[PDB]
file input.tsv (TSV, C-alpha atoms and all ligand atoms)
chain	number	residue	atom	x	y	z
A	1	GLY	CA	-14.01	-18.87	-18.25
A	2	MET	CA	-15.39	-17.40	-21.45
A	3	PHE	CA	-17.78	-14.93	-19.81
A	4	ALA	CA	-17.04	-11.99	-17.53
A	5	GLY	CA	-19.73	-13.27	-15.13
A	6	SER	CA	-20.01	-11.99	-11.59
A	7	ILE	CA	-17.51	-9.45	-10.36
A	8	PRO	CA	-15.41	-11.32	-7.79
A	9	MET	CA	-16.18	-9.24	-4.66
A	10	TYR	CA	-15.03	-11.78	-2.06
A	11	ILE	CA	-11.70	-13.53	-1.87
A	12	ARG	CA	-10.42	-16.46	0.19
A	13	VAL	CA	-6.68	-17.12	0.46
A	14	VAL	CA	-5.38	-20.35	1.94
A	15	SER	CA	-1.72	-20.48	2.85
A	16	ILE	CA	-0.56	-24.11	2.52
A	17	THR	CA	2.75	-25.47	3.83
A	18	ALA	CA	3.44	-29.16	3.09
A	19	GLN	CA	5.93	-31.41	4.82
A	20	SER	CA	8.31	-31.62	1.84
A	21	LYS	CA	8.87	-30.33	-1.67
A	22	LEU	CA	7.44	-33.46	-3.35
A	23	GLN	CA	4.41	-33.55	-1.04
A	24	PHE	CA	3.79	-29.89	-1.92
A	25	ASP	CA	4.09	-30.73	-5.65
A	26	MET	CA	1.55	-33.52	-5.33
A	27	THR	CA	-0.82	-31.21	-3.45
A	28	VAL	CA	-0.66	-28.63	-6.17
A	29	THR	CA	-1.53	-31.28	-8.77
A	30	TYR	CA	-4.46	-32.32	-6.60
A	31	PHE	CA	-5.62	-28.70	-6.18
A	32	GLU	CA	-5.42	-28.11	-9.94
A	33	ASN	CA	-7.22	-31.27	-11.10
A	34	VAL	CA	-9.74	-32.05	-8.32
A	35	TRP	CA	-10.05	-29.27	-5.74
A	36	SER	CA	-10.31	-26.24	-8.05
A	37	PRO	CA	-12.87	-27.83	-10.35
A	38	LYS	CA	-14.92	-28.81	-7.27
A	39	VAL	CA	-15.03	-25.32	-5.72
A	40	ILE	CA	-15.80	-23.80	-9.13
A	41	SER	CA	-18.65	-26.26	-9.59
A	42	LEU	CA	-20.01	-25.13	-6.21
A	43	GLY	CA	-19.84	-21.42	-6.99
A	44	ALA	CA	-16.24	-20.19	-7.05
A	45	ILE	CA	-15.32	-17.91	-9.94
A	46	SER	CA	-11.66	-18.88	-10.10
A	47	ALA	CA	-8.83	-20.45	-8.19
A	48	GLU	CA	-5.07	-19.87	-8.48
A	49	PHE	CA	-2.10	-21.37	-6.73
A	50	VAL	CA	1.05	-19.30	-6.23
A	51	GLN	CA	4.30	-20.82	-5.03
A	52	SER	CA	6.00	-19.04	-2.12
A	53	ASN	CA	8.83	-21.48	-1.53
A	54	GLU	CA	9.73	-25.10	-2.35
A	55	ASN	CA	7.12	-26.58	0.02
A	56	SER	CA	4.55	-23.84	0.36
A	57	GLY	CA	2.19	-21.50	-1.37
A	58	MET	CA	-1.06	-19.58	-1.54
A	59	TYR	CA	-4.30	-20.90	-2.92
A	60	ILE	CA	-6.49	-17.95	-3.86
A	61	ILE	CA	-10.17	-18.40	-4.57
A	62	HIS	CA	-12.39	-15.67	-5.95
A	63	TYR	CA	-16.12	-15.62	-5.12
A	64	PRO	CA	-19.02	-13.42	-6.26
A	65	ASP	CA	-19.90	-12.74	-2.59
A	66	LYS	CA	-19.40	-13.79	0.99
A	67	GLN	CA	-22.54	-15.96	0.91
A	68	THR	CA	-21.21	-18.08	-1.95
A	69	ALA	CA	-17.90	-18.42	-0.11
A	70	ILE	CA	-19.68	-19.57	3.01
A	71	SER	CA	-21.82	-21.99	1.03
A	72	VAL	CA	-18.81	-23.67	-0.55
A	73	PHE	CA	-16.76	-23.79	2.59
A	74	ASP	CA	-19.59	-25.40	4.54
A	75	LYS	CA	-19.83	-28.10	1.88
A	76	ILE	CA	-16.11	-28.90	1.81
A	77	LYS	CA	-15.16	-28.45	5.49
A	78	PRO	CA	-14.57	-32.21	6.02
A	79	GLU	CA	-12.10	-32.24	3.13
A	80	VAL	CA	-10.46	-29.11	4.55
A	81	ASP	CA	-10.07	-30.81	7.95
A	82	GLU	CA	-8.34	-33.71	6.23
A	83	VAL	CA	-5.99	-31.27	4.44
A	84	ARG	CA	-5.10	-29.78	7.83
A	85	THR	CA	-3.98	-33.22	9.05
A	86	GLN	CA	-1.09	-33.32	6.55
A	87	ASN	CA	-0.38	-29.60	6.19
A	88	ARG	CA	-0.17	-26.31	7.95
A	89	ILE	CA	-3.18	-24.34	6.69
A	90	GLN	CA	-4.17	-20.76	7.40
A	91	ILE	CA	-7.24	-19.24	5.82
A	92	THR	CA	-7.76	-15.53	5.43
A	93	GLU	CA	-10.77	-14.07	3.64
A	94	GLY	CA	-12.86	-11.03	3.02
A	95	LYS	CA	-14.41	-8.43	0.82
A	96	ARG	CA	-12.63	-6.74	-2.10
A	97	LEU	CA	-12.28	-3.05	-1.28
A	98	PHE	CA	-10.90	-1.99	-4.68
A	99	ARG	CA	-9.42	-3.32	-7.89
A	100	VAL	CA	-7.21	-1.26	-10.21
A	101	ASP	CA	-6.06	-2.50	-13.61
B	1	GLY	CA	13.07	-16.90	-28.74
B	2	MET	CA	11.67	-20.03	-30.43
B	3	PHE	CA	12.48	-22.33	-27.54
B	4	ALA	CA	11.61	-20.01	-24.67
B	5	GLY	CA	9.25	-21.81	-22.29
B	6	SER	CA	5.92	-20.34	-21.23
B	7	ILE	CA	6.42	-17.51	-18.76
B	8	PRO	CA	4.14	-17.70	-15.77
B	9	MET	CA	2.39	-14.78	-14.18
B	10	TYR	CA	3.89	-13.65	-10.89
B	11	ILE	CA	1.88	-12.57	-7.89
B	12	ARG	CA	2.86	-10.45	-4.94
B	13	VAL	CA	0.81	-10.29	-1.76
B	14	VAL	CA	1.37	-7.54	0.72
B	15	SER	CA	-0.53	-8.44	3.91
B	16	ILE	CA	-1.02	-5.65	6.49
B	17	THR	CA	-2.30	-5.30	10.04
B	18	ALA	CA	-2.73	-1.81	11.49
B	19	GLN	CA	-2.98	-0.81	15.18
B	20	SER	CA	-6.05	1.37	14.47
B	21	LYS	CA	-8.91	1.74	11.99
B	22	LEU	CA	-7.55	5.11	10.97
B	23	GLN	CA	-4.15	3.69	10.04
B	24	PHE	CA	-5.86	0.81	8.18
B	25	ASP	CA	-8.11	3.18	6.21
B	26	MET	CA	-5.18	5.50	5.36
B	27	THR	CA	-3.18	2.47	4.15
B	28	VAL	CA	-5.99	1.22	1.95
B	29	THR	CA	-6.26	4.69	0.45
B	30	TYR	CA	-2.50	4.75	-0.09
B	31	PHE	CA	-2.51	1.36	-1.88
B	32	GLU	CA	-5.39	2.55	-4.05
B	33	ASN	CA	-4.13	6.03	-4.98
B	34	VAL	CA	-0.34	5.87	-4.81
B	35	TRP	CA	0.98	2.28	-4.96
B	36	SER	CA	-1.49	0.92	-7.52
B	37	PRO	CA	-1.18	3.61	-10.19
B	38	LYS	CA	2.58	3.48	-9.92
B	39	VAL	CA	2.96	-0.29	-10.28
B	40	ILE	CA	0.33	-0.49	-13.01
B	41	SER	CA	2.07	2.27	-14.98
B	42	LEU	CA	5.34	0.31	-14.76
B	43	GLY	CA	3.92	-3.06	-15.84
B	44	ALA	CA	1.64	-4.65	-13.24
B	45	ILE	CA	-1.55	-6.10	-14.74
B	46	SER	CA	-3.86	-5.51	-11.78
B	47	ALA	CA	-3.92	-4.74	-8.05
B	48	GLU	CA	-6.68	-5.34	-5.55
B	49	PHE	CA	-7.18	-5.05	-1.86
B	50	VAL	CA	-9.05	-7.58	0.29
B	51	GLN	CA	-10.11	-6.74	3.81
B	52	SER	CA	-9.57	-9.79	6.02
B	53	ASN	CA	-10.39	-8.30	9.39
B	54	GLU	CA	-11.25	-5.00	11.09
B	55	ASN	CA	-7.76	-3.59	10.58
B	56	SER	CA	-6.08	-6.08	8.25
B	57	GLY	CA	-6.07	-7.10	4.69
B	58	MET	CA	-4.17	-8.15	1.62
B	59	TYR	CA	-2.95	-6.14	-1.29
B	60	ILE	CA	-2.54	-8.52	-4.22
B	61	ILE	CA	-0.64	-7.49	-7.33
B	62	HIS	CA	-0.53	-9.50	-10.55
B	63	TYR	CA	2.51	-9.14	-12.78
B	64	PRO	CA	3.04	-10.64	-16.28
B	65	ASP	CA	6.29	-12.25	-15.18
B	66	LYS	CA	8.83	-12.43	-12.37
B	67	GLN	CA	11.26	-10.06	-14.08
B	68	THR	CA	8.67	-7.30	-14.24
B	69	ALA	CA	7.57	-7.98	-10.64
B	70	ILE	CA	11.11	-7.76	-9.26
B	71	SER	CA	12.06	-4.74	-11.36
B	72	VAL	CA	8.99	-2.75	-10.25
B	73	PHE	CA	9.50	-3.71	-6.57
B	74	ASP	CA	13.05	-2.36	-6.66
B	75	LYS	CA	11.64	0.99	-7.79
B	76	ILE	CA	9.00	1.41	-5.09
B	77	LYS	CA	11.04	1.15	-1.92
B	78	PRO	CA	9.63	4.53	-0.82
B	79	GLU	CA	6.10	3.16	-1.04
B	80	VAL	CA	7.00	0.01	0.92
B	81	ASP	CA	8.72	2.16	3.55
B	82	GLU	CA	5.63	4.36	3.93
B	83	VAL	CA	3.33	1.33	4.40
B	84	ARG	CA	5.77	-0.20	6.90
B	85	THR	CA	5.52	2.90	9.10
B	86	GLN	CA	1.79	2.41	9.68
B	87	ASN	CA	1.48	-1.36	9.68
B	88	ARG	CA	2.81	-4.76	10.46
B	89	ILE	CA	3.42	-6.26	7.03
B	90	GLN	CA	4.28	-9.56	5.40
B	91	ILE	CA	5.19	-9.78	1.72
B	92	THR	CA	4.80	-13.19	0.00
B	93	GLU	CA	5.33	-13.69	-3.69
B	94	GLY	CA	5.90	-16.22	-6.38
B	95	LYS	CA	5.07	-17.60	-9.76
B	96	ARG	CA	1.55	-18.71	-10.48
B	97	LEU	CA	1.48	-22.54	-10.68
B	98	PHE	CA	-2.02	-22.62	-12.15
B	99	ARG	CA	-5.26	-20.77	-12.61
B	100	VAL	CA	-8.52	-22.64	-13.07
B	101	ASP	CA	-11.64	-20.67	-13.94
A	201	CL	CL	-12.97	-22.06	-0.79
A	202	CL	CL	-7.23	-21.18	9.50
A	203	CL	CL	4.24	-4.55	-5.97
A	204	CL	CL	4.37	-5.54	14.74

call {"tool": "encode", "arguments": {"input": "input.tsv", "output": "structure tokens"}}
result
Amino acid sequence: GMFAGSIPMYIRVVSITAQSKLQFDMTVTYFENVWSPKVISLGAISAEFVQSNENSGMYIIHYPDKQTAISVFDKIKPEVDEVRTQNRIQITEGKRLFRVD
Amino acid sequence: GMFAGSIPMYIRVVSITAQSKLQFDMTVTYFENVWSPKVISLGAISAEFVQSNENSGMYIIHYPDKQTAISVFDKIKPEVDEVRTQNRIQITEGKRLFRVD
């Protein structure tokens, strides 16, 4: 937010494909208002959602380190499993090798 | 001008998988030293690389808007072609729907 804080050295990217455009839209609203605040409260630095097509996108979460990422994921795995029931989810994650700006 | 809506950031993700560690490492070095400085000079805000597995990762580029993102992409076909020679790639891109931090 207002502080630079930890350098985000670990990133998790969730690709999310919903069953329709309107279901996708509702999911994004849910990820903005409930999910992203929750993971930030648990240690995430930031979360962004990028739209790929009408019913799918990428949810990108930045973490200070792998350990924080693991911590959060462990805490929310039951909610993730529920998300997988309605959606096609693929999670890809790892360490930041470089950032240029 | 007055009634122009907000213009969202636009994100491009170039995901790569290489057949060997050498090709992966060469690709990372190419994103860092050739692709990044070029796109940043032409209007990208930032570029980072995230290693997702032994020989795979994501190159994530943030642009101020879609127009800039598309215009730059059209000018770096040589760079895309060079990365394609050494890797399986998938490019996914879109407007940012939200960022929470
Ligand atoms: Cl997460
Ligand atoms: Cl997965
Ligand atoms: Cl690009
Ligand atoms: Cl292939």

call {"tool": "closest_residue", "arguments": {"input": "input.tsv", "among": "B:68, B:87, B:20, B:29", "to": "chain A", "atoms": "all atoms listed in the file"}}
result
B:29

call {"tool": "residues_near_ligand", "arguments": {"input": "input.tsv", "ligand": "ligand CL 204 (chain A)", "cutoff": "12 Å", "atoms": "only C-alpha atoms and all ligand atoms", "output": "ChimeraX atom specification"}}
result
/B:16-19,84-90

call {"tool": "closest_atom_pairs", "arguments": {"input": "input.tsv", "of": "chain B", "to": "ligand CL 203 (chain A)", "cutoff": "8 Å", "atoms": "all atoms listed in the file", "output": "CSV"}}
result
residue,atom,partner,partner_atom,distance
B:12,CA,A:CL203,CL,6.1
B:13,CA,A:CL203,CL,7.9
B:14,CA,A:CL203,CL,7.9
B:35,CA,A:CL203,CL,7.6
B:39,CA,A:CL203,CL,6.2
B:44,CA,A:CL203,CL,7.7
B:61,CA,A:CL203,CL,5.9
B:69,CA,A:CL203,CL,6.7
B:72,CA,A:CL203,CL,6.6
B:73,CA,A:CL203,CL,5.4
B:76,CA,A:CL203,CL,7.7

call {"tool": "interface_residues", "arguments": {"input": "input.tsv", "of": "chain B", "to": "chain A", "cutoff": "10 Å", "atoms": "all atoms listed in the file", "output": "MDAnalysis selection string"}}
result
chainID B and resid 9:13 28:29 31:33 36:37 39:41 44:53 56:62 92:101

call {"tool": "atom_distance", "arguments": {"input": "input.tsv", "atom1": "CA of residue 64 in chain B", "atom2": "CA of residue 42 in chain A"}}
result
29.0 Å

call {"tool": "calpha_fit_rmsd", "arguments": {"input": "input.tsv", "fixed": "chain A", "moving": "chain B"}}
result
5.1 Å

call {"tool": "axis_aligned_box", "arguments": {"input": "input.tsv", "around": "range 74-83 of chain B", "padding_each_side": "5 Å", "output": "lines of an AutoDock Vina configuration file"}}
result
center_x = 8.2
center_y = 1.1
center_z = -1.7
size_x = 19.7
size_y = 16.9
size_z = 22.2

call {"tool": "atom_distance", "arguments": {"input": "input.tsv", "atom1": "CA of residue 82 in chain B", "atom2": "CA of residue 54 in chain B"}}
result
20.6 Å

call {"tool": "atom_distance", "arguments": {"input": "input.tsv", "atom1": "CA of residue 74 in chain A", "atom2": "CA of residue 8 in chain A"}}
result
19.2 Å
